[PDB]
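Step one of this worksheet: look at the structure below.
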There are 2 protein chains.
Amino acid sequence: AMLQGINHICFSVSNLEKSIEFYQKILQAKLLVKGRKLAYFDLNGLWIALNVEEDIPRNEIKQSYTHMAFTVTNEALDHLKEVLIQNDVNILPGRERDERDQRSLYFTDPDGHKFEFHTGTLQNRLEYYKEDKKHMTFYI
Amino acid sequence: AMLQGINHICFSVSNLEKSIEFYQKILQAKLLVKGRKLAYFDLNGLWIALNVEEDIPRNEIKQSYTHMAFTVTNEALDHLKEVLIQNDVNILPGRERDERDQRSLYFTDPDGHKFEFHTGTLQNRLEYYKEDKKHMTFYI
Ligand SMILES: [Cl-]
Ligand SMILES: [Cl-]
Ligand SMILES: [Zn+2]
Ligand SMILES: [Zn+2]
Ligand SMILES: [Zn+2]
Ligand SMILES: [Zn+2]
């Protein structure tokens with residue numbers, strides 16, 4: 001095993017001030033460093049970087065389901081939904097879910113990066129799939 | 001603190017077979033589940049999902065520096081470079097670095113998702129910046 005975990009995630013942003021506010025208020029990340037065109041945050045031990053790229057096209061990202069999910073409790077999820085609405089966040093309509101999928105909220109940052117708050121675990125999902133799914137291969 | 005860490009990351013992919021091979025051989029992730037249009041992996045405790053979206057445009061992603069970095073040792077980095085070359089991986093020219101930036105390799109998956117192998121830590125970067133940088137604010 002030559003990799004030793006996530007080191008950092010970096011998001012390209014169009015407006016540093018607007019993005020800092022999102023990362024602080026919505027993702028609850030702690031701002032560590034702010035430069036002209038850069039910011040670093042700690043979110044529960046994860047190093048997040050924002051890098052400003054002002055004039056690049058940001059349309060196609062809307063079509064891709066690439067996304068990052070963070071763990072929240074069921075109680076936290078109901079509160080967070082109102083926080084997202086109060087902050088005029090772009091909330092995405094989620095996919096159809098089985099009860100066994102557990103609950104999620106999907107949304108974006110100002111530049112289209114998709115995020116999720118999720119109340120389940122991988123083990124919930126594997127146990128669900130193993131019980132229910134056909135046309136699938138399980139390797140564990 | 002209402003978030004409890006990364007839950008999962010999901011990548012939209014154009015070709016499931018080709019992407020599975022990349023995630024196994026390049027990122028060293030363990031395949032857990034394969035469906036028609038979905039795969040799940042464990043990479044050192046991180047749940048990675050691949051979701052197939054065949055016909056979406058994937059050009060603009062090339063212009064954005066959004067990326068995910070994984071921790072490797074200096075020795076691992078030299079080996080991994082040859083693994084990337086041997087597998088015809090799209091290796092990106094990195095930015096200029098100070099020695100204190102520590103070493104990195106940057107590359108993409110088949111669909112343009114940018115990744116990095118990095119040999120430093122956040123604390124290395126903060127200590128460097130605090131010693132050297134002007135036009136910056138430090139909050140820790
Ligand atoms: Cl079926
Ligand atoms: Cl200067
Ligand atoms: Zn998800
Ligand atoms: Zn069937
Ligand atoms: Zn990086
Ligand atoms: Zn100066």
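Following the order of the structure tokens, first chain is A, next is B, and so on, with residues numbered from 1 inside each chain and ligands from 1 in the order they appear.
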Subject >> Within 10 Å of ligand 1, counting only C-alpha atoms and all ligand atoms, residues as a PyMOL selection string >> reply: chain A and resi 132-136
Subject >> Residue set, range 68-136 of chain B restricted to helix (DSSP H, G or I), as a ChimeraX atom specification >> reply: /B:74-86,99-101,122-132
N, CA and C atoms of the current selection, written as a PDB file, in the first residue's frame:
ATOM      1  N   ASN B  74       8.732  10.111  -0.087  1.00  0.00           N
ATOM      2  CA  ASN B  74       9.672  10.456  -1.168  1.00  0.00           C
ATOM      3  C   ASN B  74      10.096   9.252  -2.029  1.00  0.00           C
ATOM      4  N   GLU B  75      10.425   8.127  -1.391  1.00  0.00           N
ATOM      5  CA  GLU B  75      10.743   6.886  -2.130  1.00  0.00           C
ATOM      6  C   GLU B  75       9.577   6.369  -2.977  1.00  0.00           C
ATOM      7  N   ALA B  76       8.385   6.418  -2.404  1.00  0.00           N
ATOM      8  CA  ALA B  76       7.193   5.978  -3.118  1.00  0.00           C
ATOM      9  C   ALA B  76       6.977   6.853  -4.350  1.00  0.00           C
ATOM     10  N   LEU B  77       7.293   8.147  -4.243  1.00  0.00           N
ATOM     11  CA  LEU B  77       7.038   9.090  -5.345  1.00  0.00           C
ATOM     12  C   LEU B  77       7.846   8.761  -6.603  1.00  0.00           C
ATOM     13  N   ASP B  78       9.127   8.444  -6.442  1.00  0.00           N
ATOM     14  CA  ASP B  78       9.958   8.077  -7.582  1.00  0.00           C
ATOM     15  C   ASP B  78       9.440   6.811  -8.282  1.00  0.00           C
ATOM     16  N   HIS B  79       9.018   5.830  -7.491  1.00  0.00           N
ATOM     17  CA  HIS B  79       8.453   4.584  -8.042  1.00  0.00           C
ATOM     18  C   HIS B  79       7.156   4.861  -8.745  1.00  0.00           C
ATOM     19  N   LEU B  80       6.294   5.628  -8.086  1.00  0.00           N
ATOM     20  CA  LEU B  80       4.990   5.933  -8.674  1.00  0.00           C
ATOM     21  C   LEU B  80       5.113   6.671 -10.003  1.00  0.00           C
ATOM     22  N   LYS B  81       6.102   7.546 -10.164  1.00  0.00           N
ATOM     23  CA  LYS B  81       6.277   8.221 -11.453  1.00  0.00           C
ATOM     24  C   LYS B  81       6.461   7.204 -12.596  1.00  0.00           C
ATOM     25  N   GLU B  82       7.280   6.184 -12.382  1.00  0.00           N
ATOM     26  CA  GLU B  82       7.507   5.178 -13.425  1.00  0.00           C
ATOM     27  C   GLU B  82       6.235   4.354 -13.666  1.00  0.00           C
ATOM     28  N   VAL B  83       5.479   4.051 -12.595  1.00  0.00           N
ATOM     29  CA  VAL B  83       4.177   3.358 -12.725  1.00  0.00           C
ATOM     30  C   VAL B  83       3.221   4.178 -13.603  1.00  0.00           C
ATOM     31  N   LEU B  84       3.162   5.482 -13.355  1.00  0.00           N
ATOM     32  CA  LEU B  84       2.321   6.367 -14.179  1.00  0.00           C
ATOM     33  C   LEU B  84       2.756   6.369 -15.660  1.00  0.00           C
ATOM     34  N   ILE B  85       4.062   6.454 -15.900  1.00  0.00           N
ATOM     35  CA  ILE B  85       4.573   6.452 -17.272  1.00  0.00           C
ATOM     36  C   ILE B  85       4.297   5.110 -17.954  1.00  0.00           C
ATOM     37  N   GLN B  86       4.538   4.007 -17.244  1.00  0.00           N
ATOM     38  CA  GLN B  86       4.301   2.650 -17.765  1.00  0.00           C
ATOM     39  C   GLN B  86       2.843   2.385 -18.095  1.00  0.00           C
ATOM     40  N   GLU B  99      11.781  24.336  -2.394  1.00  0.00           N
ATOM     41  CA  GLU B  99      12.116  23.101  -1.682  1.00  0.00           C
ATOM     42  C   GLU B  99      11.143  22.836  -0.524  1.00  0.00           C
ATOM     43  N   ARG B 100      10.726  23.898   0.167  1.00  0.00           N
ATOM     44  CA  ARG B 100       9.869  23.777   1.345  1.00  0.00           C
ATOM     45  C   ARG B 100       8.418  23.398   1.022  1.00  0.00           C
ATOM     46  N   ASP B 101       8.051  23.458  -0.253  1.00  0.00           N
ATOM     47  CA  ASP B 101       6.769  22.954  -0.721  1.00  0.00           C
ATOM     48  C   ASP B 101       6.671  21.435  -0.640  1.00  0.00           C
ATOM     49  N   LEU B 122       0.389  19.502   5.816  1.00  0.00           N
ATOM     50  CA  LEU B 122      -0.126  20.852   6.047  1.00  0.00           C
ATOM     51  C   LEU B 122       0.802  21.634   6.980  1.00  0.00           C
ATOM     52  N   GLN B 123       1.279  20.978   8.038  1.00  0.00           N
ATOM     53  CA  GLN B 123       2.177  21.658   8.976  1.00  0.00           C
ATOM     54  C   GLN B 123       3.487  22.092   8.287  1.00  0.00           C
ATOM     55  N   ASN B 124       4.023  21.294   7.348  1.00  0.00           N
ATOM     56  CA  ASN B 124       5.181  21.759   6.544  1.00  0.00           C
ATOM     57  C   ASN B 124       4.855  23.066   5.812  1.00  0.00           C
ATOM     58  N   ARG B 125       3.682  23.100   5.207  1.00  0.00           N
ATOM     59  CA  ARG B 125       3.276  24.221   4.372  1.00  0.00           C
ATOM     60  C   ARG B 125       3.034  25.487   5.204  1.00  0.00           C
ATOM     61  N   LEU B 126       2.353  25.329   6.340  1.00  0.00           N
ATOM     62  CA  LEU B 126       2.116  26.446   7.260  1.00  0.00           C
ATOM     63  C   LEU B 126       3.416  27.012   7.811  1.00  0.00           C
ATOM     64  N   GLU B 127       4.348  26.136   8.176  1.00  0.00           N
ATOM     65  CA  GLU B 127       5.628  26.598   8.729  1.00  0.00           C
ATOM     66  C   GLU B 127       6.440  27.347   7.657  1.00  0.00           C
ATOM     67  N   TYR B 128       6.421  26.824   6.433  1.00  0.00           N
ATOM     68  CA  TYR B 128       7.043  27.495   5.294  1.00  0.00           C
ATOM     69  C   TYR B 128       6.418  28.884   5.082  1.00  0.00           C
ATOM     70  N   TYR B 129       5.099  28.923   4.960  1.00  0.00           N
ATOM     71  CA  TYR B 129       4.422  30.177   4.667  1.00  0.00           C
ATOM     72  C   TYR B 129       4.620  31.228   5.761  1.00  0.00           C
ATOM     73  N   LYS B 130       4.522  30.800   7.010  1.00  0.00           N
ATOM     74  CA  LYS B 130       4.711  31.729   8.107  1.00  0.00           C
ATOM     75  C   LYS B 130       6.119  32.328   8.114  1.00  0.00           C
ATOM     76  N   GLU B 131       7.125  31.518   7.773  1.00  0.00           N
ATOM     77  CA  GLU B 131       8.505  32.021   7.728  1.00  0.00           C
ATOM     78  C   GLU B 131       8.727  32.984   6.552  1.00  0.00           C
ATOM     79  N   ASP B 132       8.123  32.684   5.405  1.00  0.00           N
ATOM     80  CA  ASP B 132       8.534  33.266   4.121  1.00  0.00           C
ATOM     81  C   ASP B 132       7.561  34.269   3.482  1.00  0.00           C
TER      82      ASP B 132
END
**OP:** Please provide as a PyMOL selection string all residues within 9 Å of range 48-58 of chain A, with the sequence filter that same-chain residues fewer than 4 positions apart are discarded (counting only C-alpha atoms).
**Re:** (chain A and resi 8-16+19-20+29+36-43+62+111-112) or (chain B and resi 60-61+63-66)
May I have the selected residues written with C-alpha atoms, as a PDB file, in the first residue's frame?
ATOM      1  CA  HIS A   8      -5.440  17.694   0.784  1.00  0.00           C
ATOM      2  CA  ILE A   9      -8.267  18.696  -1.524  1.00  0.00           C
ATOM      3  CA  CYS A  10      -8.072  21.840  -3.666  1.00  0.00           C
ATOM      4  CA  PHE A  11     -10.966  23.706  -5.282  1.00  0.00           C
ATOM      5  CA  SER A  12     -10.544  26.214  -8.075  1.00  0.00           C
ATOM      6  CA  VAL A  13     -12.759  29.214  -7.272  1.00  0.00           C
ATOM      7  CA  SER A  14     -13.806  32.331  -9.205  1.00  0.00           C
ATOM      8  CA  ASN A  15     -14.228  34.686  -6.230  1.00  0.00           C
ATOM      9  CA  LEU A  16     -12.136  34.108  -3.119  1.00  0.00           C
ATOM     10  CA  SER A  19     -15.989  31.059  -1.645  1.00  0.00           C
ATOM     11  CA  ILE A  20     -14.399  31.629   1.783  1.00  0.00           C
ATOM     12  CA  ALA A  29     -14.358  24.746   7.808  1.00  0.00           C
ATOM     13  CA  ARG A  36      -4.417  37.264  -2.643  1.00  0.00           C
ATOM     14  CA  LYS A  37      -5.518  34.225  -4.633  1.00  0.00           C
ATOM     15  CA  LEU A  38      -5.355  31.361  -2.098  1.00  0.00           C
ATOM     16  CA  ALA A  39      -6.964  30.136   1.092  1.00  0.00           C
ATOM     17  CA  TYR A  40      -6.308  27.133   3.341  1.00  0.00           C
ATOM     18  CA  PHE A  41      -8.830  25.571   5.731  1.00  0.00           C
ATOM     19  CA  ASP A  42      -8.945  22.699   8.248  1.00  0.00           C
ATOM     20  CA  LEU A  43     -12.194  20.725   8.205  1.00  0.00           C
ATOM     21  CA  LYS A  62     -23.004  21.049 -13.860  1.00  0.00           C
ATOM     22  CA  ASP A 111     -18.501  27.343  -8.779  1.00  0.00           C
ATOM     23  CA  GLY A 112     -20.451  24.131  -9.236  1.00  0.00           C
TER      24      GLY A 112
ATOM     25  CA  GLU B  60     -13.789  22.359 -19.315  1.00  0.00           C
ATOM     26  CA  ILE B  61     -12.517  20.241 -16.411  1.00  0.00           C
ATOM     27  CA  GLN B  63      -8.933  24.225 -17.278  1.00  0.00           C
ATOM     28  CA  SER B  64      -9.698  23.952 -13.571  1.00  0.00           C
ATOM     29  CA  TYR B  65      -7.022  23.276 -10.953  1.00  0.00           C
ATOM     30  CA  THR B  66      -9.484  21.481  -8.668  1.00  0.00           C
TER      31      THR B  66
END
Original post:
What is the CA of residue 22 in chain A-CA of residue 114 in chain B distance in Å, reported with one decimal?
Top reply: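 Atom-to-atom, CA of residue 22 in chain A and CA of residue 114 in chain B are spaced 22.5 Å apart.
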Original post:
Please, what distance in Å, to one decimal, runs between CA of residue 106 in chain B and CA of residue 24 in chain B?
Top reply: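 Distance between the two atoms: 17.4 Å.
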Subject >> Best match for closeness to ligand 3 among B:91, B:109, B:72, B:47, counting only C-alpha atoms and all ligand atoms >> reply: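 The shortest atom-to-atom distance to ligand 3 comes from B:47.
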